[PDB]
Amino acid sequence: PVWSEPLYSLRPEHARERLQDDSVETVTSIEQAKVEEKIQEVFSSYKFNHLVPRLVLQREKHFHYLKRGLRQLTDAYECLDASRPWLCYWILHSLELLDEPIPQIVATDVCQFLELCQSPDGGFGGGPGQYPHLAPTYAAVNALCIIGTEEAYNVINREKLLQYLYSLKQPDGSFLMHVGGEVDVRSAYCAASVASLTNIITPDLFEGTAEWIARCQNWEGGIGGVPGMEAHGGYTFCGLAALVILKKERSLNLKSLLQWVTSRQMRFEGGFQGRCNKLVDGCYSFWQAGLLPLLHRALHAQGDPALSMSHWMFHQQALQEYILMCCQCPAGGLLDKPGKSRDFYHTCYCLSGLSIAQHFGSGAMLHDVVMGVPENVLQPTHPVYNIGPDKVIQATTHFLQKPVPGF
């Protein structure tokens, strides 16, 4: 009927989904109430201003923000001087999702720059002359694959990459992030992501790795940074995704993991939180929500008959609503929540999240939900690597023609 509201977050019933603090106030309830109030204003902003709600992804605004940052950044990104390949990846992937050609002039410059970041001892650094580290190595490789040219592929030194991964491997199955550096589940995923793409996985490289990742799953259902730690979205994604790569998803209690991830979607905001009883954040639109395609593919491998053939196991509508209404900066770029300032990290993962909530893919079954104007539709992304599904296939196919270093 005509009294019917097409937007889930604006519906009258939705008001009952506000926080009930049971009249017991703590720092957690107060802070969650503040965000909920801030999100409410954004939702009922249309009724107040007396306008018809329309959901537009500011494609051109975001593009300009991205096109520029890919070349030059203000001194605000001094705190990311040791994460420059991440800047390449975040931006290139964002451009790819918005479906923007990467000029072969830019492609070759990115290549040349990443080559300067690459260590003689293997892997990539945060910038020229910095020591190799697994985060920017994951970022470099991902970026080069998005570019996908022969030039890009050849940048990577596969012998040295494998040597580097070995020099980080621990007896208990974990990896260091870099030499003399910390250990947590990010290293597992980074190691697995680059090793599988470049076809460098030896039989023993990931010995005990899957078991160590399994030890990271806790009483919450989710995965923590190291064994014993609180379940967290970014770490959970890393673990699950790493396990999908090693084809050892079943080492985990997938049942309790699913319960945990689906509980991370906020009933009022529609976006995700990183861990129980914390605040919503647009970048978890990927880390958390991106787990559902992983779980869907894992359960389907077991032969789970109850799996849906059209939707992921989260409120896809409500996540899109949250991103489009609350996470867009008018000047371009995307953000954590209203009140926060844009950055390339949140731009990357809000759009990766949106793409996820827009696209369903299970073999021959393909269903979409594109909220607001249909031009909001993005390019799909691979739930494991978070680069274009075509780029994953293109890269693996290329590197499979190479032998695993050492015959």
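Residue positions are given as counts along the sequence shown, with the first one as 1. Heads up, when I say rigid core I mean the largest set of C-alphas that superpose within 1.5 Å between the two forms.
Asks: Between 41-49 and 23-31, which one shows the bigger average Cα displacement from this form in 8 other deposited structures of this protein once the rigid core is aligned?
Replies: Stretch with the higher C-alpha RMS distance in 8 other deposited structures of this protein: 41-49.
Asks: If you average the CA temperature factors over each stretch, which comes out higher, 257-265 or 219-227?
Replies: 257-265 has the higher mean C-alpha B-factor.
Asks: Looking at the deposited entry, does 87-95 or 102-110 carry the larger mean Cα B-factor?
Replies: Comparing 87-95 with 102-110, the higher mean C-alpha B-factor belongs to 102-110.
Asks: Between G233, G303, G282, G125, where does the Cα B-factor run highest in the record?
Replies: Checking the PDB record, the top C-alpha B-factor among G233, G303, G282, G125 is at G303.
Asks: How does the C-alpha B factor of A135 compare with the rest of the chain: lowest, middle or highest third?
Replies: CA B-factor rank for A135: lowest third.
Asks: Per the entry's values, where does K38 land by CA temperature factor relative to the rest of its chain, in the lowest, middle or highest third?
Replies: Highest third, going by the recorded CA B-factors of the chain.
Asks: Could you look up the Cα B-factor of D184 in the entry and say which third of the chain it sits in: lowest, middle or highest?
Replies: Answer is lowest: the recorded C-alpha B-factor places it there.
Asks: Comparing against every modelled residue in the chain, figure out the third that the C-alpha B-factor of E151 lands in (lowest, middle or highest).
Replies: Answer is highest: the recorded C-alpha B-factor places it there.
Asks: State the tercile, meaning the lowest, middle or highest third, of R275 with respect to the CA B-factors recorded for its chain.
Replies: Its C-alpha B-factor belongs to the lowest third of this chain's values.
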